[PDB]
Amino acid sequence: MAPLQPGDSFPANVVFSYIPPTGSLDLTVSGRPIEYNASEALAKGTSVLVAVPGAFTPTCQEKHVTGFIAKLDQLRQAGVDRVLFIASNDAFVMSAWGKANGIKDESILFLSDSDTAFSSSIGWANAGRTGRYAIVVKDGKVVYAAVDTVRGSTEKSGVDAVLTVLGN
């Protein structure tokens, strides 16, 4: 299928699995997963959805999520209402990944694209992992969608690319 383009509607009926943040960073509490209605959340306001190949893996952790965390204030000033990080890791691993990064609240949500269903549906999954990509949505419409295919690069899906889009 053709990748998402600016002006496309964000796909309907997209649901992720996640553990909402409790405020505790205690990694030894597994938590309770529920679902997240991504299509509904993205229908209003400005959203940034970032997919990473794997929680805790080197680029995803040391460059990609850390870049977003470092510029959360700039994202908020740019009008972003929600930031979602997804991967194929299960909700328990994703919750731990957020806690390991000090995220106690909803500033970034960490969710599972179970079995890569959503990422596969938009052509950006590989053998059980999602690609590395970012989608910016406003009021249910794609503003930007791009995937990084160069190993270790966040040129297209990193926080700076997203901030550039929002400033234009």
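So that there is no doubt, residue numbering starts at 1 and follows the sequence shown.
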{"item": "Average Cα temperature factor in the PDB entry - higher stretch of 10-18, 146-154", "value": "146-154"}
{"item": "92-100 versus 76-84 - which carries the larger mean C-alpha B factor in the record", "value": "76-84"}
{"item": "Largest Cα B-factor, entry values, listed residues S121, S30, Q61, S112", "value": "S30"}
{"item": "For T130, the third of its chain into which the C-alpha B factor falls", "value": "lowest"}
{"item": "Where the record places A70 (Cα B-factor, split into thirds across the chain)", "value": "highest"}
